[PDB]
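**Q** Provided herewith is a single structure, encoded as C-alpha coordinates, for subsequent inquiry.
Because the Cβ atoms are built from the backbone with ideal geometry, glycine has one as well, and the counts that use them run over all protein chains shown. The values are calculated or read from the model by the stated rules, or taken from the named source; nothing here is a laboratory result.
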Amino acid sequence: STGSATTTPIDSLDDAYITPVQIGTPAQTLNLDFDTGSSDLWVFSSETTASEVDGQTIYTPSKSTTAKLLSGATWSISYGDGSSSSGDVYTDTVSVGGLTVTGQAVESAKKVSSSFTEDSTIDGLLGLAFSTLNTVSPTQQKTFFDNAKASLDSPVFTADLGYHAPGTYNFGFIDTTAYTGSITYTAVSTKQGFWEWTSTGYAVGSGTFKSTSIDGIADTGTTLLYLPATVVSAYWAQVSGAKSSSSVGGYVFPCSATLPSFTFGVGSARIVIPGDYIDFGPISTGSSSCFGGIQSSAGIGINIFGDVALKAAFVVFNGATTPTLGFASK
(Lines give C-alpha, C1' and ligand atoms only; values in the text may rest on other atoms or scores of the structure.)
Protein backbone atom coordinates (compact mmCIF):
# COMPACT_ATOMS: atom_id res chain seq x y z
CA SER A 1 0.00 0.00 0.00
CA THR A 2 0.92 3.66 -0.22
CA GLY A 3 -0.41 7.02 0.87
CA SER A 4 0.01 10.55 -0.46
CA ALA A 5 -1.19 13.68 1.31
CA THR A 6 -0.71 17.38 0.64
CA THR A 7 0.81 19.40 3.44
CA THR A 8 0.03 23.12 3.60
CA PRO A 9 1.67 26.03 5.40
CA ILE A 10 -0.64 27.43 8.13
CA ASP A 11 0.26 31.00 7.25
CA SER A 12 2.26 33.21 4.87
CA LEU A 13 5.57 32.55 6.60
CA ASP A 14 5.42 28.76 6.81
CA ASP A 15 5.29 28.91 10.62
CA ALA A 16 4.12 25.27 10.47
CA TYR A 17 2.43 22.81 8.13
CA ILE A 18 -0.87 20.97 8.37
CA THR A 19 -1.87 17.76 6.66
CA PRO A 20 -5.41 16.38 6.58
CA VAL A 21 -5.96 13.11 8.45
CA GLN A 22 -9.13 10.99 8.45
CA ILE A 23 -10.00 9.55 11.84
CA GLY A 24 -12.89 7.26 12.68
CA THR A 25 -15.98 5.94 10.93
CA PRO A 26 -17.47 7.96 9.39
CA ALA A 27 -14.27 9.85 8.78
CA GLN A 28 -13.58 12.93 10.87
CA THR A 29 -11.00 14.99 9.06
CA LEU A 30 -8.53 16.91 11.18
CA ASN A 31 -5.55 18.96 10.05
CA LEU A 32 -2.53 17.64 11.92
CA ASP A 33 1.03 18.83 12.26
CA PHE A 34 3.20 15.95 11.05
CA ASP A 35 6.10 15.91 13.42
CA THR A 36 9.19 13.74 12.82
CA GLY A 37 10.45 15.04 16.17
CA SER A 38 7.81 13.33 18.32
CA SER A 39 5.91 10.07 18.41
CA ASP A 40 2.37 10.81 19.67
CA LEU A 41 -0.69 11.20 17.46
CA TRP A 42 -2.94 13.49 19.49
CA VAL A 43 -5.96 15.56 18.67
CA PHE A 44 -8.23 18.22 19.99
CA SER A 45 -11.36 16.37 20.97
CA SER A 46 -14.79 16.53 22.49
CA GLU A 47 -12.92 15.83 25.74
CA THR A 48 -10.71 18.91 25.50
CA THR A 49 -11.32 21.54 28.16
CA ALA A 50 -13.78 23.87 26.45
CA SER A 51 -11.92 27.12 27.22
CA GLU A 52 -8.80 25.58 25.64
CA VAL A 53 -10.54 25.09 22.27
CA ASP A 54 -10.62 28.10 19.97
CA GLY A 55 -11.38 27.28 16.35
CA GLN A 56 -9.85 23.81 16.09
CA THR A 57 -11.70 20.92 14.55
CA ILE A 58 -12.25 18.26 17.22
CA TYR A 59 -12.39 14.50 17.20
CA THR A 60 -15.54 13.14 18.84
CA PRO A 61 -14.87 9.43 19.47
CA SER A 62 -18.47 8.79 20.51
CA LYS A 63 -19.50 9.62 16.91
CA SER A 64 -17.06 7.02 15.54
CA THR A 65 -18.34 3.46 15.31
CA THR A 66 -14.75 2.16 15.19
CA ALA A 67 -13.51 4.17 18.20
CA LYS A 68 -12.62 2.19 21.31
CA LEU A 69 -11.35 3.56 24.59
CA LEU A 70 -7.93 2.13 25.35
CA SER A 71 -8.64 1.25 28.96
CA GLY A 72 -6.45 2.86 31.56
CA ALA A 73 -4.23 4.58 29.03
CA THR A 74 -3.13 8.18 29.42
CA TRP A 75 -0.61 10.43 27.77
CA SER A 76 1.22 13.62 28.52
CA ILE A 77 3.80 15.29 26.35
CA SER A 78 5.96 18.39 26.68
CA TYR A 79 7.69 19.80 23.62
CA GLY A 80 11.06 21.48 23.43
CA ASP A 81 9.40 24.82 22.62
CA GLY A 82 7.62 24.73 25.95
CA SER A 83 4.19 23.65 24.76
CA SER A 84 2.31 20.66 26.23
CA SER A 85 -0.84 18.55 26.14
CA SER A 86 -2.30 15.48 27.83
CA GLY A 87 -5.33 13.23 27.91
CA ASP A 88 -6.63 9.70 27.37
CA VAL A 89 -6.43 7.29 24.43
CA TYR A 90 -8.70 5.64 21.90
CA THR A 91 -7.90 3.26 19.14
CA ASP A 92 -9.57 4.06 15.84
CA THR A 93 -9.10 3.88 12.10
CA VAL A 94 -6.76 6.56 10.78
CA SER A 95 -6.10 7.25 7.14
CA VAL A 96 -3.54 9.58 5.56
CA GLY A 97 -3.74 10.28 1.82
CA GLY A 98 -5.36 6.92 1.09
CA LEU A 99 -3.30 4.84 3.47
CA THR A 100 -5.30 3.29 6.30
CA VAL A 101 -4.29 1.95 9.66
CA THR A 102 -6.77 0.18 11.90
CA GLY A 103 -6.29 0.19 15.66
CA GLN A 104 -4.14 3.32 15.65
CA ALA A 105 -3.77 4.95 19.05
CA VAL A 106 -5.51 8.32 18.81
CA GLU A 107 -4.54 10.32 21.81
CA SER A 108 -7.40 12.54 22.91
CA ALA A 109 -6.51 15.85 24.52
CA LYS A 110 -8.25 16.74 27.76
CA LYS A 111 -5.71 19.55 28.32
CA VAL A 112 -3.60 21.64 25.94
CA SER A 113 -1.28 24.56 26.61
CA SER A 114 -2.09 28.06 25.44
CA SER A 115 0.10 27.97 22.30
CA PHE A 116 -2.05 25.10 21.03
CA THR A 117 -5.32 26.83 21.90
CA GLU A 118 -4.09 30.01 20.18
CA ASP A 119 -3.22 28.06 17.00
CA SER A 120 -6.69 27.69 15.43
CA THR A 121 -5.19 25.96 12.38
CA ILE A 122 -3.57 22.94 14.04
CA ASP A 123 -6.01 20.29 15.25
CA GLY A 124 -3.28 18.08 16.65
CA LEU A 125 0.04 16.38 15.96
CA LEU A 126 0.92 13.18 14.13
CA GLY A 127 4.26 11.99 15.41
CA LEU A 128 6.73 10.32 13.03
CA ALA A 129 9.78 9.90 15.23
CA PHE A 130 10.46 6.46 16.71
CA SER A 131 7.79 4.78 18.82
CA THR A 132 10.23 4.50 21.72
CA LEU A 133 9.34 8.15 22.46
CA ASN A 134 5.59 7.56 22.55
CA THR A 135 4.23 8.89 25.86
CA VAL A 136 1.21 6.63 26.31
CA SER A 137 1.16 4.93 29.71
CA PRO A 138 1.18 2.25 31.01
CA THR A 139 1.35 0.66 27.55
CA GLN A 140 3.48 2.50 24.98
CA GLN A 141 1.77 2.89 21.60
CA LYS A 142 3.08 2.77 18.03
CA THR A 143 3.22 5.64 15.56
CA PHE A 144 1.10 5.74 12.45
CA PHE A 145 4.17 4.94 10.35
CA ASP A 146 5.23 2.06 12.60
CA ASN A 147 1.73 0.56 12.34
CA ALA A 148 1.66 1.06 8.56
CA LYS A 149 5.24 -0.07 7.76
CA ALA A 150 4.63 -3.77 7.16
CA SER A 151 1.83 -2.96 4.72
CA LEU A 152 3.74 -0.32 2.77
CA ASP A 153 5.27 -1.19 -0.59
CA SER A 154 8.52 0.16 0.91
CA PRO A 155 9.02 0.96 4.59
CA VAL A 156 9.57 4.66 3.97
CA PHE A 157 7.89 8.03 4.10
CA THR A 158 9.06 11.22 2.41
CA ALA A 159 8.73 14.88 3.32
CA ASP A 160 8.52 17.39 0.51
CA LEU A 161 7.74 20.72 2.23
CA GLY A 162 7.06 23.73 0.07
CA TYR A 163 8.40 27.25 0.48
CA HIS A 164 5.41 29.54 0.84
CA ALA A 165 3.50 26.75 -0.89
CA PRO A 166 1.95 23.35 -0.40
CA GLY A 167 4.05 20.20 -0.42
CA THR A 168 3.63 16.51 0.07
CA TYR A 169 4.00 13.66 2.53
CA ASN A 170 4.24 10.28 0.87
CA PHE A 171 4.10 6.92 2.55
CA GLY A 172 5.43 3.73 1.09
CA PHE A 173 7.12 5.00 -2.06
CA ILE A 174 9.62 7.48 -3.43
CA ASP A 175 8.30 9.82 -6.10
CA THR A 176 11.24 9.99 -8.47
CA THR A 177 9.68 13.05 -10.18
CA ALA A 178 9.73 15.16 -7.00
CA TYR A 179 13.46 15.82 -6.84
CA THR A 180 16.44 16.60 -9.01
CA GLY A 181 19.70 14.67 -9.14
CA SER A 182 20.11 11.76 -6.76
CA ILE A 183 19.15 11.07 -3.18
CA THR A 184 22.12 10.97 -0.86
CA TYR A 185 21.56 8.68 2.05
CA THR A 186 23.18 9.16 5.41
CA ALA A 187 23.35 7.17 8.64
CA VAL A 188 20.76 7.52 11.38
CA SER A 189 21.06 6.98 15.09
CA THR A 190 17.80 6.04 16.80
CA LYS A 191 19.41 6.08 20.29
CA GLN A 192 17.45 9.22 21.30
CA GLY A 193 14.28 8.21 19.44
CA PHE A 194 14.86 10.79 16.72
CA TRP A 195 15.83 10.81 13.09
CA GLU A 196 19.31 11.82 14.17
CA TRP A 197 22.09 12.18 11.65
CA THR A 198 25.38 13.99 11.03
CA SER A 199 25.68 16.78 8.51
CA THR A 200 29.08 17.06 6.92
CA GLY A 201 29.35 20.85 7.19
CA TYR A 202 28.06 24.18 5.93
CA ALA A 203 28.56 27.25 3.78
CA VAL A 204 27.26 30.78 4.03
CA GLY A 205 26.14 32.37 0.80
CA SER A 206 28.79 31.92 -1.87
CA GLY A 207 31.49 31.22 0.72
CA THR A 208 33.73 28.22 1.05
CA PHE A 209 32.28 25.02 2.45
CA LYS A 210 33.39 24.32 6.01
CA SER A 211 33.84 20.61 6.57
CA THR A 212 32.67 19.86 10.08
CA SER A 213 30.42 17.26 11.69
CA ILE A 214 27.09 18.61 12.88
CA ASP A 215 24.94 16.02 14.70
CA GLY A 216 21.26 16.89 14.60
CA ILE A 217 17.73 15.71 13.98
CA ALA A 218 15.50 15.96 10.93
CA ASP A 219 12.41 17.51 12.49
CA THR A 220 9.38 18.52 10.45
CA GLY A 221 7.72 19.72 13.66
CA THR A 222 10.28 22.42 14.30
CA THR A 223 9.91 25.51 12.14
CA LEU A 224 13.45 26.88 12.14
CA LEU A 225 17.00 25.64 11.70
CA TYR A 226 18.86 25.37 15.01
CA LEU A 227 22.62 25.01 14.78
CA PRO A 228 25.71 25.58 16.97
CA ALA A 229 26.33 29.21 17.91
CA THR A 230 29.59 29.27 15.94
CA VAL A 231 27.77 28.33 12.74
CA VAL A 232 24.90 30.70 13.38
CA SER A 233 27.21 33.61 14.16
CA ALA A 234 29.05 33.02 10.89
CA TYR A 235 25.73 33.19 9.01
CA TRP A 236 24.37 36.37 10.54
CA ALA A 237 27.76 38.08 10.31
CA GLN A 238 27.02 38.26 6.58
CA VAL A 239 23.84 40.27 7.09
CA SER A 240 24.45 43.96 7.75
CA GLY A 241 22.72 44.98 10.96
CA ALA A 242 21.89 41.46 12.12
CA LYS A 243 22.22 40.88 15.84
CA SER A 244 21.22 38.51 18.58
CA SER A 245 18.41 40.01 20.63
CA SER A 246 17.88 38.48 24.04
CA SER A 247 14.66 40.47 24.41
CA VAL A 248 13.25 39.08 21.16
CA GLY A 249 14.84 35.66 21.78
CA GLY A 250 17.14 35.15 18.83
CA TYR A 251 18.82 36.67 15.81
CA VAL A 252 16.97 39.53 14.23
CA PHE A 253 17.93 41.36 11.03
CA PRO A 254 16.80 44.46 9.16
CA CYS A 255 13.76 43.61 7.09
CA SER A 256 15.40 45.60 4.24
CA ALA A 257 18.18 42.98 3.97
CA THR A 258 18.70 40.47 1.21
CA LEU A 259 19.63 37.30 3.04
CA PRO A 260 22.42 35.01 1.89
CA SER A 261 21.78 31.34 1.28
CA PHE A 262 22.93 28.61 3.65
CA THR A 263 24.27 25.30 2.46
CA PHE A 264 24.42 22.15 4.57
CA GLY A 265 26.25 18.95 3.74
CA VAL A 266 24.76 15.54 3.40
CA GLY A 267 27.73 13.25 2.83
CA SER A 268 29.43 14.67 -0.28
CA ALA A 269 26.20 16.38 -1.40
CA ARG A 270 24.93 19.86 -0.65
CA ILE A 271 21.48 21.24 0.12
CA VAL A 272 21.14 24.95 -0.52
CA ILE A 273 18.66 26.90 1.57
CA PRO A 274 17.81 30.13 -0.32
CA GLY A 275 18.11 33.28 1.72
CA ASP A 276 14.40 34.05 1.38
CA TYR A 277 13.67 30.80 3.28
CA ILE A 278 15.42 32.34 6.32
CA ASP A 279 13.11 35.41 6.63
CA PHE A 280 10.31 34.96 9.18
CA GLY A 281 9.12 38.49 8.91
CA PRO A 282 8.70 41.34 11.36
CA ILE A 283 9.15 40.59 15.06
CA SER A 284 5.90 42.44 15.63
CA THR A 285 3.34 43.88 13.25
CA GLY A 286 4.78 46.97 11.65
CA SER A 287 8.36 46.44 12.79
CA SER A 288 11.32 46.82 10.45
CA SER A 289 13.21 44.24 12.46
CA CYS A 290 12.71 40.73 11.09
CA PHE A 291 13.16 37.39 12.78
CA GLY A 292 15.81 35.03 11.47
CA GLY A 293 15.15 31.47 10.41
CA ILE A 294 18.56 30.26 11.50
CA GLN A 295 19.00 30.32 15.25
CA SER A 296 21.39 29.01 17.87
CA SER A 297 20.83 25.55 19.32
CA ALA A 298 22.82 26.51 22.42
CA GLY A 299 20.53 25.80 25.35
CA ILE A 300 18.31 23.40 23.38
CA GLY A 301 20.88 20.66 23.75
CA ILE A 302 20.43 19.38 20.23
CA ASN A 303 20.82 20.72 16.70
CA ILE A 304 17.57 20.72 14.75
CA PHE A 305 17.19 20.55 11.00
CA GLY A 306 13.70 21.95 11.03
CA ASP A 307 11.42 23.10 8.23
CA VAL A 308 13.81 25.88 7.12
CA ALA A 309 16.31 23.20 6.16
CA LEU A 310 14.01 20.36 5.23
CA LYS A 311 11.86 22.45 2.90
CA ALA A 312 14.98 22.98 0.72
CA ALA A 313 15.07 19.23 0.14
CA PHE A 314 13.26 16.07 -0.74
CA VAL A 315 13.71 14.05 2.42
CA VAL A 316 13.45 10.28 2.68
CA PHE A 317 12.74 8.84 6.07
CA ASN A 318 13.82 5.25 5.52
CA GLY A 319 12.36 3.06 8.24
CA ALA A 320 14.11 -0.14 7.17
CA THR A 321 15.56 -2.39 9.87
CA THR A 322 18.54 -0.06 9.91
CA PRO A 323 16.96 3.32 9.38
CA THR A 324 18.59 5.99 7.22
CA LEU A 325 17.82 9.46 5.90
CA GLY A 326 18.01 10.57 2.31
CA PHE A 327 18.27 14.10 0.97
CA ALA A 328 17.89 15.33 -2.59
CA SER A 329 17.69 18.82 -4.05
CA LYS A 330 14.46 19.67 -5.78
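**Q** Determine, yes or no, whether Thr66 is surrounded by fewer than 21 Cβ atoms within 10 Å (Cβ to Cβ), over 15 Å from the mean Cα position of the chain (by Cα), in a loop (DSSP other than H, G, I, E, B) and not acidic (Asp, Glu).
**A** Considered against the rule, which asks whether it is surrounded by fewer than 21 Cβ atoms within 10 Å (Cβ to Cβ), over 15 Å from the mean Cα position of the chain (by Cα), in a loop (DSSP other than H, G, I, E, B) and not acidic (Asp, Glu), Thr66 comes out as yes.
**Q** Can you go through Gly103, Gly98, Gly72 and tell me which one is among the small types (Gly, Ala, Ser) and out of contact with any strand residue (DSSP E or B) (no Cβ under 7 Å at 6 or more places or on another chain)? First the steps, then the outcome.
**A** Values: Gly103 fails: out of contact with any strand residue (DSSP E or B) (no Cβ under 7 Å at 6 or more places or on another chain); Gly98 fails: out of contact with any strand residue (DSSP E or B) (no Cβ under 7 Å at 6 or more places or on another chain).
Sole residue among the options that is among the small types (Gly, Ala, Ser) and out of contact with any strand residue (DSSP E or B) (no Cβ under 7 Å at 6 or more places or on another chain): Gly72.
**Q** Just checking, which of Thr139, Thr168, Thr158 is assigned to a loop (DSSP other than H, G, I, E, B) and among the hydroxyl-bearing types (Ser, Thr, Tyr)?
**A** Details: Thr168 fails: assigned to a loop (DSSP other than H, G, I, E, B); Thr158 fails: assigned to a loop (DSSP other than H, G, I, E, B).
Just one listed residue meets the conditions, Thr139.
**Q** Considering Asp14, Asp33, which residue is under 20 Å from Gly97 (Cα atoms) and acidic (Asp, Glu)?
**A** On the way: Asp14 fails: under 20 Å from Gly97 (Cα atoms).
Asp33 is the lone residue from the list that is under 20 Å from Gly97 (Cα atoms) and acidic (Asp, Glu).
**Q** Related question: Hey, can you tell me all the residues within the range 197-233 that are free of Cβ contacts under 8 Å to residues at least 60 places away in the same chain, in a strand (DSSP E or B) and farther than 19 Å from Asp279 by Cβ?
**A** Across the range 197-233, the qualifying residues are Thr198, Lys210, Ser211, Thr212, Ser213.
**Q** Now for a different question. Which ones in the range 135-169 are in contact with a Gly (Cβ under 7 Å, 6 or more places away or on another chain), among the polar types (S, T, N, Q) and buried (at least 19 other Cβ atoms within 10 Å of the Cβ)?
**A** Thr143
**Q** For the range 234-281, please list each of the strands (runs of 3 or more DSSP E) lying entirely inside it that holds at least 2 residues being over 23 Å from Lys330 (Cα atoms), in the same structural domain as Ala328 (by CATH) and touching a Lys or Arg at 6+ places or on another chain (Cβ under 9 Å).
**A** Working: elements: 243-245, 250-254, 262-266, 269-273.
Hits in the range 234-281: 250-254.
**Q** Taking interchain pairs and intrachain pairs at least six residues apart, which have beta carbon atoms under 6 angstrom, with the first residue in the range 51-76 and without any contact (Cβ under 8 Å) to a residue 60 or more places away in the chain and the second part of a loop (DSSP other than H, G, I, E, B) and surrounded by fewer than 17 Cβ atoms within 10 Å (Cβ to Cβ)?
**A** Taking only residues 6 or more apart or on different chains, the pairs are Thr60/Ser46; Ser64/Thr25; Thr65/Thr25; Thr66/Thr25.
**Q** Is one or more of the residues making up the range 93-109 in contact with a helix residue (DSSP H, G or I) (Cβ under 7 Å, 6 or more places away or on another chain), outside any strand (DSSP E or B), surrounded by 15 or more Cβ atoms within 10 Å (Cβ to Cβ) and assigned by CATH to the domain that holds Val136?
**A** no
**Q** Considering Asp54, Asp33, which residue is among the acidic types (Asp, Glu), under 28 Å from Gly167 (Cβ atoms) and not in a loop (DSSP other than H, G, I, E, B)?
**A** Just a single option satisfies the conditions, and that option is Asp33.
**Q** From the list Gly72, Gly55, which residue is under 29 Å from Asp307 (Cα atoms) and surrounded by fewer than 13 Cβ atoms within 10 Å (Cβ to Cβ)?
**A** Numbers: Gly72 fails: under 29 Å from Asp307 (Cα atoms).
Every option except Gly55 fails the conditions.
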